[PDB]
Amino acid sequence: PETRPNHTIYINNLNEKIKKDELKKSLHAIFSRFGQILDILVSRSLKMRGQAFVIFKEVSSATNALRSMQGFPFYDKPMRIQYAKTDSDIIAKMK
């Protein structure tokens, strides 16, 4: 499904075989064009693998990145994007 707009986009269906550091970098490579990125959170734990949170400084960036990159073939798999259900700490830690 999905939710309300947010500064952060929740990505899943990501190739689980890629290491944390490389995954982070390839994501900046792919998403930096949509706007400034505050951070990318990735974990390879049993619950969080195959998922990533890309935190943009501006919601419009997240909105554009979500429309443009939906299903983008990344590491041989169709990337799935939704707005994150809750604000990330970096974002709340500001406003």
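So that the term is clear: the rigid core is the largest set of C-alpha atoms that superpose within 1.5 Å between two forms. Each residue number is its position in the shown sequence, starting from 1.
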RMS Cα shift after core superposition in 8 other deposited structures of this protein, winner of 11 to 19 and 81 to 89
81 to 89
Mean temperature factor over C-alpha atoms, higher-scoring stretch between 4 to 12 and 86 to 94
86 to 94
Lowest, middle or highest third of the chain for the C-alpha temperature factor of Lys24?
lowest
Split the chain's modelled residues into thirds by Cα B-factor; is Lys57 in the lowest, middle or highest one?
middle
Sorting the chain's CA B-factors, does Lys47 end up in the lowest, middle or highest third?
middle
Tertile call for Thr63 (CA temperature factor, within chain, third-based) is the middle
